[PDB]
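One chain follows as structure tokens, the form deposited in one PDB entry.
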């Protein structure tokens, strides 16, 4: 009863709104700034042209061919490695806990931009320390925008071990965003066209700012020696795997609604180009604004703002005040951020819910219990994400961002998605199905990226990150305690360990000698419906 899309344009809009969002506008610039300015692009492009697009198209084609969600598609592909799908769900679940938290911040900012003057424009407020000095007079001191971000929006604690108290105002914004998400799940043209126009306006403002040449050179000129550190490689690879919403099961679920005779190859390539171009262009605006900040504050470009998940809330609000009538542009920018995040959250939550109901179609999608299940999932996610709303919750958010739905947890899955398809299931066998679906035999790029490039990249990044291990730090100053790093590793393992547990369970349930069990569990039941 897999209801196909009403039209191809519906699928295109759905995926386009799904995989563009806070990854392109918020996470990519923050990861690029955290690592080297230009050294982040080389691994980014290598993963994009070697693993990102191939894995994205692989997930889309698996969904379209099996006509099944994230979890149940692997049952038709390779029953033994079904746990990958489960792992994917776990990953997306963790993402749904913290991704929406970002929107809460934006929502708070959206409520702080209805004043006569922007709170972060000038110093001398109730939340401003005596060190806080106006940036124009910065000829020690802290920028008022950073002061507003840290002491008013966050009210940051000394560490993760001091959770402080629930803010009661970021919590309200998070509740509002979750209510919006639940009532949407329970115009797309405007919601997709407006963010690009606002991003173009921001790009023009950043480019015309004085001192932006230094920021652009910082963003574009790589540092070769930085590539000797595995952290930039793994960060760029996982940013590629996160910005495309792969290893989550959302892409497989979205593609499962496609018609069997549908040329997913061309659309997928065009959409991947669109997403990569959006990220690359937004980086130009962010780093030109950062270069202007460096010029006006008399400080290095690497010390202007926060290296953590706050660059988008420090650079863009700064550039807003430069535009005439800054209240209007602040409202527009935060509405754009809300739209992008809400679209991404809608797509991811819908994918998770449809995978879960595919897992138990008798009850979870009977018709009456689907709404109850969606409400329960939303409530559980809100209660879980309340741990990042507290004063010390930024450190928990950083732990979630670095370990959950990112890092080796993706590299673990992207390998097993490819190794099963490329070597166990068969590259040529899937190419025959893709020829039957899209009508023409594709080039060897997908086959030689699944077979060699992607598993090699994943295993090399994993091994080189483990060999030269650097503990996670917040804003390159805070040293997490041992238990915090252990909690982050537990978050990663919660999804990493689904693959072998399911293999063990399958080997124990199937009867007979070991060889017969393995042979029967490696046989695809039906590749196509």
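Each form is matched to the other, and the largest set of C-alpha atoms that superpose within 1.5 Å is called the rigid core. Residue numbers count along the first chain shown, from 1.
The same protein has a further form, the form deposited in another entry, not shown here; the description that follows concerns it.
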Position with Cα shift of 2 Å or more, rigid core superposed between the shown form and the other one, options 127, 196, 360, 111: 360
Once the core is aligned, please say if the CA of residue 23 is shifted by at least 2 angstroms between the shown form and the other one. no
Please state whether residue 13 has a C-alpha shift of 2 Å or more between the shown form and the other one, with the rigid core used for the fit. yes
Tell me whether residue 269 is among the residues that move between the shown form and the other one (Cα shift of 2 angstroms or more, core superposed). no
Which is it in the other form for the CA atoms of residue 203 and residue 12, closer or farther than here, knowing they shift by 3 Å or more? closer
